[PDB]
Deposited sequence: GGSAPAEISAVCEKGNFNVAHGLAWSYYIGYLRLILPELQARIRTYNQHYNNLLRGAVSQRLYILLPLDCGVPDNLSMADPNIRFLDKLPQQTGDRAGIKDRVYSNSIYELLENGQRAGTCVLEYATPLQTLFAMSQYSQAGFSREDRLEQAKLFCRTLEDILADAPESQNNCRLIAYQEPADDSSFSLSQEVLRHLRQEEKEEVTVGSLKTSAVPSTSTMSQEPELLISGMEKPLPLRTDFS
């Protein structure tokens, strides 16, 4: 089933990352200056993209880790897309708690296509086993990192976080990446 992950990786890039990454640093500037709390840390640059290989994508991040808490939204990006006037691209800023205190602030979300690889394995008519799914989850991440390696839109404004669950802390996995910068 090689082609499934390949197509979803190209779709994620073409349909989302190449569209929102060019305007992301500008949107974070705007938030930092005009909407961020005077007394709090600037939102970090770069979109943090969670890639659970078990494809467990909760809709609420706080369900993954209590130490990951919704703070605010960036200014919305809108554009005409395929006959939709003002299609909305929205992103969410999280606080990452270390010892019940804020250790960092970033734009953070899951790669939605993985929620879709999950659903596809659950639907009989899709013909996609749960074995197929760990494999295609890996291929999706690889394909996406190859694409971004050559992408002119990734000018260091995007960070992939791939991880496997065997006590594992997501907030710690994000802070580990966030602190490399």
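Undergrad: Spell out the unmodelled ranges of the deposited sequence for me, N- to C-terminal, numbering from the first residue.
TA: Since the structure holds only modelled residues, the stretches it omits are 1 to 15, 182 to 185, 201 to 243.
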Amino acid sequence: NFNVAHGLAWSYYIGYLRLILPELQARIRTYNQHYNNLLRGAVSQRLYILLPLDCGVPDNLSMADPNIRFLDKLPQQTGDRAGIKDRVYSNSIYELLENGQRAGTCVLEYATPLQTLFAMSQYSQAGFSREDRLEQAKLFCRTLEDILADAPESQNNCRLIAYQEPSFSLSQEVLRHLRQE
From here on, numbers count along this sequence of modelled residues.
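Whichever C-alpha set is largest while still superposing within 1.5 Å between the two forms counts as the rigid core.
Undergrad: Consider 17 to 25 and 154 to 162 separately and indicate which one has Cα atoms farther, on average, from the shown form in 8 other deposited structures of this protein after rigid core alignment.
TA: After the core superposition, the stretch with higher RMS deviation in 8 other deposited structures of this protein is 154 to 162.
Undergrad: Between 115 to 123 and 50 to 58, which has the larger RMS C-alpha deviation from this form in 8 other deposited structures of this protein after core superposition?
TA: After superposing on the rigid core, the more displaced stretch in 8 other deposited structures of this protein is 115 to 123.
Undergrad: Would you mind checking whether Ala137 is unresolved in the model of at least a third of the other PDB entries compared?
TA: That residue is present in all of the other compared entries.
Undergrad: Say whether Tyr35, which has coordinates in the shown structure, is without coordinates in a third or more of the other compared entries.
TA: Missing in at least a third of the others, so yes.
Undergrad: Going by the mean C-alpha B-factor recorded in the entry, which is higher: 128 to 136 or 109 to 117?
TA: Averaging CA B-factors over each stretch, the winner is 128 to 136.
Undergrad: So 21 to 29 or 5 to 13, which one's hotter by mean CA B-factor in the entry?
TA: The stretch with the larger mean CA B-factor is 21 to 29.
Undergrad: Which listed residue, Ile84, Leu96, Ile93, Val88, has the largest C-alpha temperature factor in the record?
TA: That would be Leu96, according to the entry.
Undergrad: So where's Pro52 on the chain's Cα temperature factor ranking, which third?
TA: According to the entry, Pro52 has a C-alpha B-factor in the chain's lowest third.
Undergrad: Would you mind checking where the Cα B-factor of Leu160 ranks among the modelled residues of its chain, as the lowest, middle or highest third?
TA: For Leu160, whose C-alpha B-factor we compare with every modelled residue in the chain, the answer is the lowest third.
Undergrad: Ranking every modelled residue in this chain by its Cα temperature factor as given in the entry, which third contains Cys141?
TA: Lowest third of the chain for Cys141's C-alpha B-factor.
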